[PDB]
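A.B. asks: Build me a model from this:
(chains A and B, ligands or ions: 2)
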Amino acid sequence: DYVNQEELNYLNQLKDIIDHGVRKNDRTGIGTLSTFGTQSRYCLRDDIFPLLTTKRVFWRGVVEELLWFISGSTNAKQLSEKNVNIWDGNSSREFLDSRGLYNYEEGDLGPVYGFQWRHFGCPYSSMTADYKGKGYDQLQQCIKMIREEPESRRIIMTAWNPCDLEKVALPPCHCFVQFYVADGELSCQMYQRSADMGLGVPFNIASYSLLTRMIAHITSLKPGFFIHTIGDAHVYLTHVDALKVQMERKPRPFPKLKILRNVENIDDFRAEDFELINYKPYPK
Amino acid sequence: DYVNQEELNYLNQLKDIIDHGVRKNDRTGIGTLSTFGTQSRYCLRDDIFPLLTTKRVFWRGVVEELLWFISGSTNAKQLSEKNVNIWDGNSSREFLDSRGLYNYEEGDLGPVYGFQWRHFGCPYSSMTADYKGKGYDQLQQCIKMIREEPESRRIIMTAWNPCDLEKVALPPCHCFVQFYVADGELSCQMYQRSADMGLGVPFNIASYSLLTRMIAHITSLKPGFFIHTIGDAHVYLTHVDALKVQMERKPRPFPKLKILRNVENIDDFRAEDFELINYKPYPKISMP
Ligand SMILES: O=c1ccn([C@H]2C[C@H](O)[C@@H](COP(=O)(O)O)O2)c(=O)[nH]1
Ligand SMILES: O=c1ccn([C@H]2C[C@H](O)[C@@H](COP(=O)(O)O)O2)c(=O)[nH]1
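C.D. replies: Numbers count the residues shown, from 1 in each chain, chains lettered A, B, ... in the order given. Ligands and ions are numbered 1, 2, ... in the order given. Take a look:
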């Protein structure tokens, strides 16, 4: 009798939102059921990797998006050319015009995650400019702090710059990240302002857990926990029936994740460096 | 009798860190016992106000500091004139020289919380420059969104600007704030990267709860919850015996907080606008 306690908690969180969450409208007039303020822990020990089993997660998308974020790119065509189309809808001529971004060419999302991570505070012009050496490279500064002052309680990476809100196709959801080191293990906490529990959360858990493994590898630490903290945790009313069905499913054990190469630095990671062992989701 | 569950939870979290926390040295050279990633909820309904009762919290400090944060000031002397001296250590001639801020005058804290709340992204020169209408006024933007777009999932106020870290004595601890409105009630979640469970947390909880009450009051909403999320939650080793004492005390019911006049905007509050009803704390506890 194996119990995947972490995935069960996630299912219980869906149930609680479904049964007791408050009705709320989203910014398109569509309805959700919502709660405010949740926190969930995922153990990364023994290579165990919290990819959800009760509905298949788009792992190839998680990996490629993340390596794209780390590169500092803001051009969704660079993802799309790798057959990952998740940012295509928010970088169309038409969507960009609806955001008032008339001078962005198709693919230009403005200064979204990767730009904030690697170039915080640099003025944005477009996705083709070279920003190398410009702004604050928070990602490298976090890595330096991990290696040089692991006790530090200031190991932070922010994606939230209100001065950039009018320049972005959409405002960041995964807003704030902190790292922590104790007893030779690296942990990460991420703060997510708004989380769709059905479609967003599972992919989010996987991106940050994978970032945690990456950083622990190139800082010579063992992985500890990923902590996910949410502001508005919600499910869309139109999803409620499908999620009820998912909730009848019995979670299976999490896969494991190995890193296959001695990677030089955070910018040297390649998709083939990661091996996902025994991922066995139900459909979807 | 009455059971103060939120205060018992705090005491239980103290117990947990003390009994099961990892030993971790720190910047200060004192060691800590530490856990990473905690979350606690405080109910603000029926005017109940989460000021801890197992020790006397520095309420007058909480109120004056928050009014001073709201003003956008970065001059500790403006707080010191209110006989609240908690920022004086970090703004002495002597102390600033040590962080290599030789050009700041005494009292100049750099762009700490108030500057970030009212003037985010404006370049900082000194505490005496005119910042009026410069930078991004996050606090008033959050107020406007609560009034105009209460359903929004983007009501955010950040205090974290990597470009400003080398300009302040100490980087902000209470970093990130989100507001939320549902069924006519305003809630607030605050993310704290670093929390001294003895000396800081009780004060910190009172600070954000009070901010939530203030905003609820000017937006004609009911107060809902304050949710406190922490990164590194720690106790200093030197504090443990004193916290041991505190943990044997039986929490009392929280006080109520009343606001005594109609206030229309965030900058218009005075210290005397707030009335604590029936705060019955045990005596103060001193900790290095
Ligand atoms: O990484 C993400 C990005 C978005 N969303 C969901 C949350 C909301 O349902 C919607 C974003 O809408 P706003 O919070 O910005 O209104 O997308 C996620 O769950 N994860
Ligand atoms: O509002 C505050 C400010 C500071 N601290 C504590 C946390 C740490 O013990 C110390 C700051 O040190 P660093 O985390 O910056 O090292 O002050 C608080 O708890 N609350």
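A.B. asks: Would you check how far apart residue A:152 and residue A:118 are?
C.D. replies: In this structure, residue A:152 and residue A:118 are 20 Å apart, going by Cβ to Cβ, to the nearest Å. In short, each C-beta sits where N, CA and C put it, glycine included.
A.B. asks: which outside residues touch stretch A:10-17?
C.D. replies: A:33-35, A:38, A:40, A:52, A:54, A:197-198, A:201-202, A:233-235, A:243, A:246-247, A:251 (Cβ atoms under 8 Å, 6 or more residues apart in numbering or on different chains).
A.B. asks: Among those, which ones are in helices?
C.D. replies: A:201, A:202, A:243, A:246, A:247 (DSSP state H).
A.B. asks: Now tabulate these in TSV and tack on distance to ligand 2.
C.D. replies: Formatted as TSV, the entries for the ones in helices among the contacts of stretch A:10-17 read as follows, by distance: Cβ to the nearest ligand atom, whole Å:
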residue	distance to ligand 2
A:201	29
A:202	32
A:243	39
A:246	40
A:247	39
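A.B. asks: Please produce TSV containing the residues you listed, extended by neighbour count.
C.D. replies: Compiled in TSV, the ones in helices among the contacts of stretch A:10-17 are given as follows (neighbours: other Cβ atoms under 10 Å in any protein chain shown):
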residue	neighbour count
A:201	24
A:202	23
A:243	20
A:246	16
A:247	14
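A.B. asks: Mark which of the contacts of stretch A:10-17 are buried, thanks.
C.D. replies: Among the contacts of stretch A:10-17, the ones that count as buried by 16 or more other Cβ atoms under 10 Å in any protein chain shown are A:33-35, A:38, A:40, A:52, A:54, A:197-198, A:201-202, A:233-235, A:243, A:246, A:251.
A.B. asks: give me every residue that touches the residue in chain A positioned nearest to ligand 2.
C.D. replies: Ranked by Cβ to the nearest ligand atom, the top residue of chain A for proximity to ligand 2 is residue A:153, at 3.6 Å. Counting by Cβ under 8 Å, 6+ apart, residue A:153 makes contact with A:180, B:26, B:27, B:193, B:194, B:231, B:232, B:234.
A.B. asks: what does residue A:190 give?
C.D. replies: Residues A:174, A:176, A:177, A:204, A:208, A:226, A:227, A:228, A:229 are the ones in contact with residue A:190 under the rule Cβ under 8 Å, 6+ apart.
A.B. asks: among those, which are in strands?
C.D. replies: When these are checked against strands using DSSP state E, the ones located there are A:174, A:176, A:177, A:226, A:227, A:228, A:229.
A.B. asks: Could you find which two of the residues you listed are furthest from each other?
C.D. replies: Comparing every pair within these by Cβ to Cβ identifies A:176 and A:226 as the most remote, at 14.2 Å.
A.B. asks: rewinding a little: generate JSON lines for the contacts of residue A:153, with distance to ligand 1 as supplementary columns.
C.D. replies: Listed next are the contacts of residue A:153 as JSON lines, based on distance: Cβ to the nearest ligand atom, whole Å:
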{"residue": "A:180", "distance to ligand 1": "23"}
{"residue": "B:26", "distance to ligand 1": "33"}
{"residue": "B:27", "distance to ligand 1": "33"}
{"residue": "B:193", "distance to ligand 1": "22"}
{"residue": "B:194", "distance to ligand 1": "26"}
{"residue": "B:231", "distance to ligand 1": "21"}
{"residue": "B:232", "distance to ligand 1": "25"}
{"residue": "B:234", "distance to ligand 1": "31"}
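A.B. asks: Is residue A:142 within a helix or a strand, and which one?
C.D. replies: Secondary-structure element containing residue A:142, defined by DSSP states H and E: helix A:138-148.
A.B. asks: check whether that helix contacts chain B.
C.D. replies: Yes - Helix A:138-148 comes into contact with chain B (Cβ under 8 Å from any Cβ of the partner chain), by way of A:138, A:141.
A.B. asks: What is the neighbour count of the closest residue to residue A:55 other than its chain neighbours?
C.D. replies: Nearest-residue entry for residue A:55: residue A:284, 4.3 Å, with adjacent residues in sequence omitted and distances by Cβ to Cβ, 6 or more residues apart in numbering or on different chains. The number of residues packed around residue A:284, counting by other Cβ atoms under 10 Å in any protein chain shown, is 10.
A.B. asks: Is residue A:284 in a helix, a strand, or coil?
C.D. replies: coil (DSSP: H, G, I helix; E, B strand; the rest coil).
A.B. asks: In this structure it contacts residue A:56, no?
C.D. replies: Yes - with contact defined as Cβ atoms under 8 Å, residue A:284 and residue A:56 form a contacting pair (4.9 Å).
A.B. asks: Who are the contact partners of residue A:119?
C.D. replies: Contact partners of residue A:119, counting by Cβ under 8 Å, 6+ apart, are A:72, A:111, A:131, A:134, A:135, A:136, A:137.
A.B. asks: and the fourth one, what does it touch?
C.D. replies: Spelled out, it's residue A:134. Taking Cβ under 8 Å, 6+ apart as the contact definition, residue A:134 lies against A:119, A:122.
A.B. asks: could you redo the last one with a cut-off of 10 Å?
C.D. replies: The neighbours of residue A:134, taking Cβ atoms under 10 Å, 6 or more residues apart in numbering or on different chains as the test, are A:118, A:119, A:120, A:121, A:122, A:123.
A.B. asks: now the second one
C.D. replies: Going by Cβ under 10 Å, 6+ apart, residue A:111 touches A:72, A:74, A:119-125, A:127, A:131, A:135, A:159, A:161, A:163-165, A:167-168, A:172.
A.B. asks: now with 6 Å?
C.D. replies: Residues in contact with residue A:111, defined by Cβ atoms under 6 Å, 6 or more residues apart in numbering or on different chains, are A:124, A:164, A:167.
A.B. asks: So for stretch A:189-199, what gets flagged as buried?
C.D. replies: A:189, A:190, A:191, A:192, A:193, A:194, A:195, A:196, A:197, A:198.
A.B. asks: Now do the end-to-end distance for stretch A:252-270.
C.D. replies: Its first and final residues considered, stretch A:252-270 spans 28 Å by Cα to Cα, to the nearest Å.
A.B. asks: List the contacts of that stretch.
C.D. replies: With Cβ under 6 Å, 6+ apart, stretch A:252-270 has contacts from A:2, A:4, A:47-51, A:53, A:214, A:217-218, A:273, A:275-280.
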